[PDB]
Amino acid sequence: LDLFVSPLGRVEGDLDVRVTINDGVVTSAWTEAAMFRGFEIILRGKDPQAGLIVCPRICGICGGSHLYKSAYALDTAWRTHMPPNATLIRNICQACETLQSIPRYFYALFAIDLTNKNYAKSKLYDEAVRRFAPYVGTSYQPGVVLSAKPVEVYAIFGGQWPXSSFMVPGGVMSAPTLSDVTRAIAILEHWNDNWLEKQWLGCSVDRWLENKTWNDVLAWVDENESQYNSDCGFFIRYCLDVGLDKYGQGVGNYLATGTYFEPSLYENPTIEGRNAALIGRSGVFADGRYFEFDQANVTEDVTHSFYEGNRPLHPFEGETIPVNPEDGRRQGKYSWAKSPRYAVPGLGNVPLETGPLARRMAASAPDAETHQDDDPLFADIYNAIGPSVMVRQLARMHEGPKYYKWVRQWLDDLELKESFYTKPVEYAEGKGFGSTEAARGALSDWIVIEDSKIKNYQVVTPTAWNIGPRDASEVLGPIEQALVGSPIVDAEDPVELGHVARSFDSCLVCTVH
Amino acid sequence: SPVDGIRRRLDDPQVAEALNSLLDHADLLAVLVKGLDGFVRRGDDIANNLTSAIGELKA
Amino acid sequence: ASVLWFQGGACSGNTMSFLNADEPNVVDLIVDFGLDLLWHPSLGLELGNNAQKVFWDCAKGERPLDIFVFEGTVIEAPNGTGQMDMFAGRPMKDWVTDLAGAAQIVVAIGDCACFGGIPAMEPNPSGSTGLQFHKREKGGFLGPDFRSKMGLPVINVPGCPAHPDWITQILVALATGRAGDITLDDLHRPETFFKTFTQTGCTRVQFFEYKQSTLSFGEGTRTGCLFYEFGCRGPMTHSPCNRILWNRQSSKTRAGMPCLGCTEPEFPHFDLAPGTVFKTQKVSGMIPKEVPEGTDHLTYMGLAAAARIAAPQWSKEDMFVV
Amino acid sequence: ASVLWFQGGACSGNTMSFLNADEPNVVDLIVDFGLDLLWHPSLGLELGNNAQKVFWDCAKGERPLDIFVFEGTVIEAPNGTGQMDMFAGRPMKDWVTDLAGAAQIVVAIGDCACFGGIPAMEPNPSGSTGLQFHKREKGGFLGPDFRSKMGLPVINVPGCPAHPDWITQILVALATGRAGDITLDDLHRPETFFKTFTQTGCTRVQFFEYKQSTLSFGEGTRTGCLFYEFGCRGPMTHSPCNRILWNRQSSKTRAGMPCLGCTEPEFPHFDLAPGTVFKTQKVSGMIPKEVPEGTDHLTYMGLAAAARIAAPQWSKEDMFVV
Ligand code: FCO
Ligand code: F3S
Ligand code: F3S
Ligand code: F3S
Ligand code: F3S
Ligand code: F3S
Ligand code: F3S
Ligand SMILES: [Mg+2]
Ligand code: 3NI
């Protein structure tokens with residue numbers, strides 16, 4: 001059965017999903033990013049800092065991430081100096097945007113599908129409906145409402161959220177005051193207490209972060225009624241009951257570009273020094289092995305994308321030349337998403353899943369420096385039960401406590417008397433690579449400044465990694481392979497396709513830009 | 001064409017004479033506009049000079 | 001009051017800003033104010049054919065459509081087909097045509113929808129335009145003479161993104177019987193928000209008054225106004241950004257970021273051409289090319305010189321201190 | 001960090017304002033920030049001898065007293081006995097002596113406690129004074145040389161009442177290890193709040209800049225600045241009232257009420273003498289008696305004339321429109 005689902009909403013943009021279904025199981029899948037704005041085209045010839053204004057507009061929910069990586073692209077291109085306070089503010093704001101994204105996405109975009117009639121036979125279905133029904137769910141309302149708090153912190157430092165451009169080469173535009181920091185701390189603590197710990201965890205962030213194995217997580221669910229009946233405990237139990245742990249596996253290979261620089265280690269941003277300075281470590285996890293991320297290994301294939309091109313291009317030489325979707329479909333192209341691939345030795349240019357799960361796998365890599373995220377939890381989960389909708393979601397949710405703790409510490413780390421900005425030299429020429437981990441994963445800018453203008457500007461977003469179509473080798477993108485194997489109880493409401501696509505927290509406006 | 005008419009005016013002996021006299025003193029016009037550009041680009045300094053002058057009469 | 005919120009060439013920032021709503025928050029707006037959110041691409045439960053059923057019922061008049069909110073640009077490329085924005089089996093522009101023709105009120109939220117915004121920046125690959133404007137030029141996709149069924153033009157809630165209150169308070173006004181209190185300016189923006197300027201309530205207006213410039217970002221923004229060195233469009237931009245603070249916390253200008261004039265239809269101004277980003281274009285290095293709204297360069301510069309002379313000492317020192 | 005909050009000649013407005021705290025709210029401040037509120041007359045559970053036991057343990061050093069918050073004036077009448085303020089078996093001033101001598105930090109919240117405030121208005125029947133100030137004159141009840149055990153003078157959080165953030169953010173700073181970030185001005189006010197003026201962020205500064213006066217209350221406040229006709233002390237008053245809005249909504253000046261300069265030690269200014277309430281005292285009917293801080297009548301008036309002549313049209317029209 002060929003099933004074309006249009007729209008598949010709650011993916012922050014325009015997504016259609018075509019699936020071949022045999023015996024109630026998806027056997028092949030095509031993700032079709034359906035809306036194109038062409039910001040890379042627009043940025044060409046613009047002011048070298050135009051990215052700081054344009055790139056946040058790639059996406060409402062993760063524009064702060066775009067800003068972060070665009071700023072760092074300029075910082076590397078212009079060989080700027082980043083005062084530690086500026087690095088801290090950038091980290092805080094990136095993480096706060098992610099902390100907003102986590103509940104906002106979980107309740108508003110993902111968890112309402114848990115109320116699908118396909119689960120009516122579950123013993124937890126009534127509770128799932130009570131908690132996660134759209135707009136009236138007892139977990140939905142506070143989760144969504146409180147999701148605005150972390151971006152209040154963002155606004156304290158950046159003026160507003162979404163759509164500040166306050167991260168600039170050489171630091172940040174803002175000069176936090178004491179009350180700024182104290183209020184940011186108060187907002188963060190209130191959000192942590194009222195949503196993260198009270199509602200999501202039913203325990204302290206510290207208690208959750210003590211979970212180092214999948215068995216630890218199950219014991220945590222059963223440990224007491226607070227954790228058992230928390231949104232996290234209920235979600236885990238619901239997933240195990242309704243089978244969200246049984247599909248959406250995907251590629252099983254992961255890309256994290258990392259983000260959150262240790263301020264002392266990235267005072268002078270360079271492409272080469274980026275990985276060592278990361279707190280949230282970069283890392284590629286492919287074929288069960290850890291690899292260092294290298295942006296040089298990134299190509300974008302447009303074979304099945306609505307763009308002209310005949311070979312994968314490293315984004316420094318990237319091109320965004322749209323083809324008319326009618327013609328492209330005549331050529332087998334089906335998506336405005338490019339197909340980002342990563343050259344892994346012994347594997348070729350493979351698709352890599354990006355996102356919190358990719359980050360957790362990277363955090364499980366050996367040889368973490370002291371400043372770096374060293375977390376074996378999702379290595380253990382991956383080895384125990386493997387990837388799935390549930391495990392992907394749990395990675396996303398696991399970042400909540402971890403990032404909250406990091407943000408709280410960074411707010412403590414701010415040295416308010418110290419500089420927030422080192423005026424850079426706006427060089428007429430430069431090649432910049434800025435990367436971050438937006439909520440949904442590796443977000444990267446490759447910028448080429450020439451003649452004091454943007455010569456090239458290539459954005460590769462995490463959902464482009466995940467949802468990008470088949471490459472020249474017809475290798476399905478991570479979301480496409482995750483869709484393959486998904487059960488389809490009801491083709492009229494193929495909610496499992498939504499579960500898989502949304503478990504990646506897909507953002508289609510980011511996918512295409 | 002109207003542009004043809006401006007070229008026609010340029011032919012006029014009297015118009016031409018005046019335009020030639022303007023180009024004879026174009027150096028003076030250039031220097032006065034350069035002087036104005038200078039004055040404008042040092043307007044902040046002249047404002048600081050008037051501030052220090054008034055600030056003396058204040059003390 | 002049924003609400004159908006569609007996204008064209010959008011980044012969903014207006015939706016995300018909207019989700020930051022407080023007093024009312026978004027959930028209370030959707031539930032407790034009688035605003036039946038039929039669907040929203042970021043929030044609607046329905047997918048696929050169920051969602052399309054909702055859309056088609058709205059478009060054909062099978063069910064009433066009181067408010068059609070459109071976010072993002074109306075994408076017309078390629079070649080006016082709109083296929084760079086395919087939504088629910090149609091070019092999004094066709095949905096826009098049908099639903100704008102069906103709605104009692106049409107609200108364009110965000111510059112993209114109002115005026116074309118960032119996607120309409122040259123070279124405008126998506127053929128983006130606003131609902132009733134292309135930049136300042138009235139008409140956009142729906143034409144200058146488009147009126148919704150309540151007789152209103154497209155209500156333009158500009159911004160990039162719009163502040164949540166700019167839409168939520170309009171929605172509350174509509175829901176509380178105060179639609180008649182809503183007056184629109186020449187850009188169809190609610191005058192309750194867009195008679196003020198961004199500068200109105202800016203923490204740096206005293207520095208502006210005394211022509212004290214912020215000189216640098218970061219700690220340099222502990223003083224000064226951003227107009228002179230950072231291209232702040234505050235005094236040329238209608239908005240309540242400093243009256244109704246963003247995220248209930250701040251505003252770009254308060255934080256030290258120049259207002260980019262995003263509520264204005266030309267946004268991004270000068271199409272972010274080289275030398276125009278976070279810079280004040282000046283004539284002869286000292287006269288701003290653009291002076292505040294309603295002033296002329298002569299008077300503005302004379303008053304500026306006088307103010308520089310009269311400037312008190314505190315206006316020359318840090319004020320947003322730790 | 002133990003906190004003992006006492007009220008002398010107070011109206012409890014600072015407590016009520018404090019209870020309006022958001023980010024942190026008062027409950028989260030008291031519970032989740034490690035601030036052990038030992039007692040508060042409006043909130044403490046203990047009464048009678050149990051409360052007195054708490055007070056005496058703090059006064060005699062039996063239990064640590066980290067922050068002594070004092071609200072209200074130190075009442076010394078009659079005849080320096082302080083018996084117009086008898087609290088828990090003693091004149092309140094005696095409690096003040098003991099607890100201020102015991103506390104690590106002493107915080108006077110509100111003008112009454114900081115400077116004497118309204119009760120210290122002539123004829124001052126209660127013999128009211130501030131902790132370390134009587135109006136602008138340093139020394140108040142505790143003497144100019146009083147220092148708490150952490151070496152600080154009385155931290156004056158002025159206002160009538162103080163805005164909740166003016167105290168809560170200080171308390172958060174103390175609780176989060178940022179006490180060293182707190183700098184105090186010459187009136188011992190936190191400079192993080194009191195380097196700005198009330199005017200800083202006022203929605204009417206553009207009208208001020210162009211010398212466009214609000215002419216009347218009510219709808220008359222849809223335009224204009226209140227300085228010229230309503231005695232707005234905004235430009236002479238240090239406060240973040242327009243930076244950090246009251247009740248997260250507004251400020252007097254935004255709302256159309258003149259700033260009464262309540263964060264200033266002279267408040268109420270001119271002791272509310274006849275003709276000084278909601279009026280600008282003027283010389284020769286044109287020149288304000290008091291000009292903005294750091295300005296001089298001649299440069300102010302010259303700049304004011306220049307601003308009037310160059311005024312844009314919008315500055316002469318309603319801007320805070322319905
Ligand atoms: N998070 C996020 Fe948006 C996506 N995909 C970017 O980057
Ligand atoms: S917020 Fe986004 S939808 Fe358009 S108005 Fe700005 S690019
Ligand atoms: S007063 Fe404010 S709005 Fe801009 S022009 Fe100056 S920073
Ligand atoms: S850029 Fe826009 S959000 Fe307000 S501060 Fe300026 S009008
Ligand atoms: S609020 Fe009340 S306690 Fe004193 S400072 Fe004002 S009269
Ligand atoms: S600018 Fe505002 S603070 Fe008072 S003096 Fe005018 S109303
Ligand atoms: S009276 Fe006081 S509360 Fe603020 S507006 Fe003036 S300083
Ligand atoms: Mg790209
Ligand atoms: Ni996104």
# chains A, B, ... in the order shown; residues from 1 in each chain; ligands from 1
>>> residues_around(residues="residue 314 in chain A", least_positions_apart="4", cutoff="9 Å", atoms="only C-alpha atoms", output="ChimeraX atom specification")
/A:295-300,318
>>> closest_atom_pairs(of="chain D", to="ligand 5", cutoff="9 Å", atoms="only C-alpha atoms and all ligand atoms", output="tab-separated table")
residue	atom	partner	partner_atom_place_in_ligand_line	distance
D:7	CA	ligand 5	3 (S)	7.6
D:8	CA	ligand 5	3 (S)	8.0
D:9	CA	ligand 5	3 (S)	6.7
D:10	CA	ligand 5	3 (S)	3.6
D:11	CA	ligand 5	2 (Fe)	4.0
D:12	CA	ligand 5	3 (S)	4.9
D:13	CA	ligand 5	1 (S)	3.7
D:14	CA	ligand 5	1 (S)	4.9
D:15	CA	ligand 5	3 (S)	7.8
D:16	CA	ligand 5	1 (S)	8.4
D:17	CA	ligand 5	1 (S)	8.0
D:71	CA	ligand 5	3 (S)	5.5
D:72	CA	ligand 5	3 (S)	4.2
D:73	CA	ligand 5	4 (Fe)	6.9
D:109	CA	ligand 5	5 (S)	6.9
D:110	CA	ligand 5	5 (S)	3.5
D:111	CA	ligand 5	5 (S)	4.0
D:112	CA	ligand 5	4 (Fe)	4.1
D:113	CA	ligand 5	5 (S)	6.6
D:114	CA	ligand 5	5 (S)	7.9
D:115	CA	ligand 5	5 (S)	8.7
D:116	CA	ligand 5	4 (Fe)	7.8
D:117	CA	ligand 5	5 (S)	6.0
D:118	CA	ligand 5	7 (S)	5.8
D:119	CA	ligand 5	7 (S)	7.2
D:158	CA	ligand 5	5 (S)	6.9
D:159	CA	ligand 5	5 (S)	5.8
D:160	CA	ligand 5	6 (Fe)	3.3
D:161	CA	ligand 5	1 (S)	3.4
D:162	CA	ligand 5	1 (S)	6.8
D:262	CA	ligand 5	6 (Fe)	8.3
>>> residues_near_ligand(ligand="ligand 4", cutoff="10 Å", atoms="only C-alpha atoms and all ligand atoms", output="JSON, numbers by chain")
{"A": [53, 159, 160, 161, 162, 163, 164, 165], "C": [111, 158, 159, 160, 161, 162, 163, 194, 197, 198, 199, 202, 232, 233, 234, 235, 236, 237, 238, 239, 240, 241, 242, 243, 244, 245, 246, 250, 251, 252, 253, 254, 255, 257, 258, 259, 260, 261, 262, 263, 264, 267, 268]}
>>> write_last_selection(atoms="N, CA and C atoms", output="compact mmCIF listing (two decimals), in the first residue's frame")
# COMPACT_ATOMS: atom_id res chain seq x y z
N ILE A 53 21.36 37.95 11.26
CA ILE A 53 19.96 38.35 11.17
C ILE A 53 19.14 37.30 10.44
N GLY A 159 17.68 40.22 24.63
CA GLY A 159 16.69 41.24 24.30
C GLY A 159 15.35 40.59 24.04
N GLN A 160 15.40 39.48 23.32
CA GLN A 160 14.14 38.82 23.03
C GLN A 160 14.38 37.41 22.54
N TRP A 161 13.30 36.69 22.59
CA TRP A 161 13.36 35.36 22.00
C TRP A 161 11.94 35.08 21.44
N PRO A 162 11.74 34.57 20.20
CA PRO A 162 12.78 34.41 19.20
C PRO A 162 13.21 35.72 18.53
N UNK A 163 14.30 35.66 17.79
CA UNK A 163 14.72 36.74 16.89
C UNK A 163 15.60 37.82 17.40
N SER A 164 16.46 37.40 18.29
CA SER A 164 17.54 38.32 18.64
C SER A 164 18.69 37.95 17.70
N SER A 165 19.62 38.85 17.50
CA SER A 165 20.90 38.60 16.77
C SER A 165 22.06 39.03 17.67
N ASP C 111 6.41 39.61 9.58
CA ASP C 111 6.69 40.36 8.34
C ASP C 111 6.52 39.48 7.11
N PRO C 158 2.98 42.76 12.37
CA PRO C 158 4.30 42.55 11.84
C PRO C 158 5.29 42.16 12.92
N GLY C 159 6.55 42.27 12.58
CA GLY C 159 7.56 41.80 13.50
C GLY C 159 8.18 40.55 12.92
N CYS C 160 9.36 40.25 13.40
CA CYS C 160 10.04 39.09 12.82
C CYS C 160 10.81 38.46 13.98
N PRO C 161 10.12 37.81 14.92
CA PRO C 161 8.69 37.57 14.80
C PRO C 161 7.85 38.62 15.51
N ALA C 162 6.55 38.50 15.32
CA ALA C 162 5.66 39.33 16.12
C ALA C 162 5.80 38.94 17.58
N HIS C 163 5.70 39.91 18.45
CA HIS C 163 5.59 39.67 19.87
C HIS C 163 4.28 38.94 20.16
N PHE C 194 1.26 49.94 17.39
CA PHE C 194 2.17 50.46 16.38
C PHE C 194 2.04 51.96 16.16
N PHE C 197 6.88 54.00 18.98
CA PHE C 197 8.08 53.58 18.23
C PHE C 197 8.80 52.54 19.06
N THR C 198 9.72 51.83 18.45
CA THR C 198 10.53 50.95 19.30
C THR C 198 11.19 51.83 20.36
N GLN C 199 11.57 53.03 19.94
CA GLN C 199 12.31 53.91 20.88
C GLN C 199 11.43 54.23 22.09
N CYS C 202 12.39 52.89 25.26
CA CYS C 202 13.77 52.38 25.20
C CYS C 202 14.54 52.93 26.40
N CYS C 232 20.64 51.53 14.93
CA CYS C 232 19.32 51.35 15.59
C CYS C 232 18.22 52.05 14.79
N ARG C 233 17.21 51.29 14.42
CA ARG C 233 16.06 51.90 13.70
C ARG C 233 14.94 52.26 14.67
N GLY C 234 15.22 52.19 15.96
CA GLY C 234 14.20 52.49 16.98
C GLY C 234 13.37 53.71 16.66
N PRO C 235 13.97 54.87 16.38
CA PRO C 235 13.22 56.10 16.17
C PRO C 235 12.51 56.15 14.81
N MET C 236 12.73 55.14 13.99
CA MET C 236 12.06 55.11 12.66
C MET C 236 11.15 53.89 12.59
N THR C 237 10.94 53.24 13.73
CA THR C 237 10.22 51.96 13.68
C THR C 237 9.05 51.98 14.65
N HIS C 238 7.89 51.69 14.10
CA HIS C 238 6.68 51.69 14.94
C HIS C 238 6.57 50.33 15.57
N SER C 239 6.47 50.30 16.88
CA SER C 239 6.40 49.04 17.62
C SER C 239 6.19 49.39 19.08
N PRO C 240 5.72 48.47 19.91
CA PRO C 240 5.69 48.72 21.34
C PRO C 240 6.78 47.86 21.98
N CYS C 241 7.89 47.63 21.29
CA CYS C 241 8.90 46.68 21.84
C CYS C 241 9.46 47.12 23.18
N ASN C 242 9.47 48.42 23.39
CA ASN C 242 9.99 48.92 24.69
C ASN C 242 8.84 49.30 25.60
N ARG C 243 7.63 49.25 25.09
CA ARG C 243 6.47 49.44 25.95
C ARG C 243 6.04 48.09 26.51
N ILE C 244 5.80 47.14 25.63
CA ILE C 244 5.49 45.77 26.01
C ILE C 244 6.75 44.96 25.77
N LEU C 245 7.41 44.61 26.84
CA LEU C 245 8.74 44.00 26.66
C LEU C 245 8.66 42.59 26.12
N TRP C 246 9.71 42.22 25.44
CA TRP C 246 9.78 40.86 24.88
C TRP C 246 10.00 39.86 26.01
N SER C 250 12.69 42.17 28.28
CA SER C 250 13.65 43.08 27.69
C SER C 250 13.19 43.46 26.30
N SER C 251 14.13 44.04 25.57
CA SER C 251 13.89 44.33 24.15
C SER C 251 15.28 44.31 23.53
N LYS C 252 15.32 44.25 22.22
CA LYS C 252 16.67 44.32 21.62
C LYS C 252 17.41 45.54 22.14
N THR C 253 16.76 46.68 22.04
CA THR C 253 17.50 47.94 22.32
C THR C 253 17.95 47.99 23.78
N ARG C 254 17.06 47.60 24.66
CA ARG C 254 17.48 47.55 26.07
C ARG C 254 18.72 46.67 26.19
N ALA C 255 18.70 45.51 25.56
CA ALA C 255 19.79 44.56 25.70
C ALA C 255 21.07 45.04 25.04
N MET C 257 21.10 45.54 21.56
CA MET C 257 21.02 45.24 20.14
C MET C 257 20.22 46.31 19.42
N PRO C 258 20.71 46.83 18.29
CA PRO C 258 19.92 47.79 17.57
C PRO C 258 18.60 47.22 17.09
N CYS C 259 17.61 48.07 17.13
CA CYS C 259 16.35 47.66 16.51
C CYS C 259 16.63 47.56 15.01
N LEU C 260 16.20 46.46 14.43
CA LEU C 260 16.40 46.26 12.98
C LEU C 260 15.17 46.76 12.22
N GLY C 261 14.26 47.43 12.91
CA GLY C 261 13.07 47.96 12.25
C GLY C 261 12.21 46.85 11.70
N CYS C 262 12.16 45.74 12.40
CA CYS C 262 11.45 44.57 11.84
C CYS C 262 9.94 44.77 11.76
N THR C 263 9.37 45.74 12.40
CA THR C 263 7.90 45.86 12.30
C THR C 263 7.58 46.71 11.08
N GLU C 264 8.63 47.20 10.46
CA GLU C 264 8.44 48.07 9.30
C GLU C 264 8.44 47.22 8.04
N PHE C 267 11.60 45.72 6.19
CA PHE C 267 12.51 44.81 6.85
C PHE C 267 12.75 43.57 6.00
N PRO C 268 14.00 43.10 5.89
CA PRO C 268 15.20 43.72 6.45
C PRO C 268 15.61 44.93 5.66
>>> closest_residue(among="D:201, D:125, D:274, D:224", to="ligand 7", atoms="only C-alpha atoms and all ligand atoms")
D:201
>>> interface_residues(of="chain A", to="chain D", cutoff="7 Å", atoms="only C-alpha atoms", output="ChimeraX atom specification")
/A:177-179,182-183,186-187
>>> interface_residues(of="chain C", to="chain D", cutoff="6 Å", atoms="only C-alpha atoms", output="list in words")
residues 192, 195, 196, 200, 201, 202, 203, 209, 294, 295, 299, 310, 312, 319, 321 and 322 of chain C
>>> write_last_selection(atoms="C-alpha atoms", output="mmCIF file, in the first residue's frame")
data_model
loop_
_atom_site.group_PDB
_atom_site.id
_atom_site.type_symbol
_atom_site.label_atom_id
_atom_site.label_comp_id
_atom_site.auth_asym_id
_atom_site.auth_seq_id
_atom_site.Cartn_x
_atom_site.Cartn_y
_atom_site.Cartn_z
ATOM 1 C CA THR C 192 -2.734 49.989 19.876
ATOM 2 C CA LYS C 195 1.585 54.114 17.104
ATOM 3 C CA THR C 196 4.537 54.017 19.483
ATOM 4 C CA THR C 200 9.217 54.542 22.994
ATOM 5 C CA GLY C 201 10.284 53.162 26.362
ATOM 6 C CA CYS C 202 13.775 52.379 25.197
ATOM 7 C CA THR C 203 16.140 52.566 28.184
ATOM 8 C CA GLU C 209 18.266 62.889 23.580
ATOM 9 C CA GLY C 294 9.132 63.155 11.326
ATOM 10 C CA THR C 295 12.424 65.022 11.672
ATOM 11 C CA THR C 299 16.657 70.419 12.514
ATOM 12 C CA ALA C 310 23.969 70.385 26.874
ATOM 13 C CA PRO C 312 24.887 66.033 31.378
ATOM 14 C CA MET C 319 24.194 53.505 33.426
ATOM 15 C CA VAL C 321 25.862 48.865 35.476
ATOM 16 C CA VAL C 322 26.305 45.483 37.090
#
>>> closest_atom_pairs(of="chain A", to="ligand 9", cutoff="12 Å", atoms="only C-alpha atoms and all ligand atoms", output="tab-separated table")
residue	atom	partner	partner_atom_place_in_ligand_line	distance
A:10	CA	ligand 9	1 (Ni)	11.4
A:11	CA	ligand 9	1 (Ni)	8.7
A:12	CA	ligand 9	1 (Ni)	6.6
A:13	CA	ligand 9	1 (Ni)	8.5
A:14	CA	ligand 9	1 (Ni)	11.8
A:55	CA	ligand 9	1 (Ni)	10.6
A:56	CA	ligand 9	1 (Ni)	9.2
A:57	CA	ligand 9	1 (Ni)	9.3
A:58	CA	ligand 9	1 (Ni)	7.0
A:59	CA	ligand 9	1 (Ni)	4.4
A:60	CA	ligand 9	1 (Ni)	6.3
A:61	CA	ligand 9	1 (Ni)	5.3
A:62	CA	ligand 9	1 (Ni)	4.6
A:63	CA	ligand 9	1 (Ni)	6.8
A:64	CA	ligand 9	1 (Ni)	9.6
A:65	CA	ligand 9	1 (Ni)	8.7
A:66	CA	ligand 9	1 (Ni)	8.7
A:67	CA	ligand 9	1 (Ni)	11.8
A:97	CA	ligand 9	1 (Ni)	11.0
A:98	CA	ligand 9	1 (Ni)	10.8
A:101	CA	ligand 9	1 (Ni)	9.6
A:105	CA	ligand 9	1 (Ni)	10.8
A:162	CA	ligand 9	1 (Ni)	11.4
A:355	CA	ligand 9	1 (Ni)	11.8
A:437	CA	ligand 9	1 (Ni)	11.4
A:438	CA	ligand 9	1 (Ni)	8.1
A:439	CA	ligand 9	1 (Ni)	8.2
A:440	CA	ligand 9	1 (Ni)	7.5
A:441	CA	ligand 9	1 (Ni)	9.8
A:442	CA	ligand 9	1 (Ni)	11.4
A:443	CA	ligand 9	1 (Ni)	9.6
A:460	CA	ligand 9	1 (Ni)	11.4
A:461	CA	ligand 9	1 (Ni)	8.0
A:462	CA	ligand 9	1 (Ni)	8.5
A:463	CA	ligand 9	1 (Ni)	7.8
A:464	CA	ligand 9	1 (Ni)	10.1
A:504	CA	ligand 9	1 (Ni)	11.4
A:505	CA	ligand 9	1 (Ni)	8.8
A:506	CA	ligand 9	1 (Ni)	7.6
A:507	CA	ligand 9	1 (Ni)	4.5
A:508	CA	ligand 9	1 (Ni)	6.9
A:509	CA	ligand 9	1 (Ni)	5.9
A:510	CA	ligand 9	1 (Ni)	4.5
A:511	CA	ligand 9	1 (Ni)	7.5
A:512	CA	ligand 9	1 (Ni)	9.8
A:513	CA	ligand 9	1 (Ni)	9.2
>>> closest_atom_pairs(of="chain C", to="chain B", cutoff="6 Å", atoms="only C-alpha atoms", output="JSON lines")
{"residue": "C:284", "atom": "CA", "partner": "B:37", "partner_atom": "CA", "distance": 5.9}
{"residue": "C:285", "atom": "CA", "partner": "B:41", "partner_atom": "CA", "distance": 5.7}
{"residue": "C:286", "atom": "CA", "partner": "B:41", "partner_atom": "CA", "distance": 5.8}
{"residue": "C:309", "atom": "CA", "partner": "B:51", "partner_atom": "CA", "distance": 4.9}
>>> write_last_selection(atoms="N, CA, C and O atoms", output="tab-separated table (two decimals), in the first residue's frame")
chain	number	residue	atom	x	y	z
C	284	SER	N	29.01	62.06	5.10
C	284	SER	CA	30.19	62.80	5.54
C	284	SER	C	30.68	62.32	6.90
C	284	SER	O	31.33	63.08	7.64
C	285	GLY	N	30.36	61.08	7.26
C	285	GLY	CA	30.85	60.47	8.48
C	285	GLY	C	30.19	60.95	9.75
C	285	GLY	O	30.53	60.45	10.83
C	286	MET	N	29.16	61.79	9.70
C	286	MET	CA	28.63	62.33	10.97
C	286	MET	C	27.12	62.55	10.90
C	286	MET	O	26.47	62.58	11.95
C	309	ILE	N	26.10	69.61	23.30
C	309	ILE	CA	26.63	70.67	24.15
C	309	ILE	C	26.00	70.61	25.54
C	309	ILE	O	26.68	70.78	26.55
>>> residues_around(residues="residue 306 in chain A", least_positions_apart="3", cutoff="9 Å", atoms="only C-alpha atoms", output="count of residues only")
16
>>> atom_distance(atom1="CA of residue 457 in chain A", atom2="CA of residue 259 in chain A")
20.0 Å
>>> atom_distance(atom1="CA of residue 340 in chain A", atom2="CA of residue 367 in chain A")
27.4 Å
>>> residues_around(residues="residue 150 in chain A", least_positions_apart="5", cutoff="9 Å", atoms="only C-alpha atoms", output="VMD selection string")
chain A and resid 93 95 to 100 155 184 187 to 188 191
>>> select_by_dssp(residues="range 42-228 of chain D", states="helix (DSSP H, G or I)", output="number ranges by chain")
D: 48-60, 92-102, 111-115, 118-120, 164-175, 179-181, 191-194, 205-209, 218-222, 227-228
>>> atom_distance(atom1="CA of residue 154 in chain C", atom2="atom 5 (S, counted along the ligand's line) of ligand 2")
15.0 Å
>>> residues_around(residues="range 289-291 of chain A", least_positions_apart="4", cutoff="10 Å", atoms="only C-alpha atoms", output="PyMOL selection string")
chain A and resi 253-255+282-285+344-345+361-362+364-366
>>> write_last_selection(atoms="C-alpha atoms", output="CSV table (one decimal), in the first residue's frame")
chain,number,residue,atom,x,y,z
A,253,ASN,CA,24.7,6.0,13.3
A,254,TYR,CA,24.9,9.4,14.8
A,255,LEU,CA,26.4,12.8,14.3
A,282,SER,CA,31.1,16.3,19.2
A,283,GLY,CA,31.4,12.8,18.0
A,284,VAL,CA,30.3,10.5,15.2
A,285,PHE,CA,29.0,7.1,16.3
A,344,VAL,CA,33.1,7.7,7.8
A,345,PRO,CA,36.3,5.7,7.0
A,361,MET,CA,26.1,8.7,22.1
A,362,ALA,CA,28.9,11.3,21.6
A,364,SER,CA,29.4,8.2,25.8
A,365,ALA,CA,32.7,8.4,23.9
A,366,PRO,CA,35.9,7.6,25.8
>>> residues_around(residues="residue 75 in chain C", least_positions_apart="6", cutoff="8 Å", atoms="only C-alpha atoms", output="list in words")
residues 8, 9, 82, 83, 84, 85, 92, 93, 126, 127, 128 and 129 of chain C
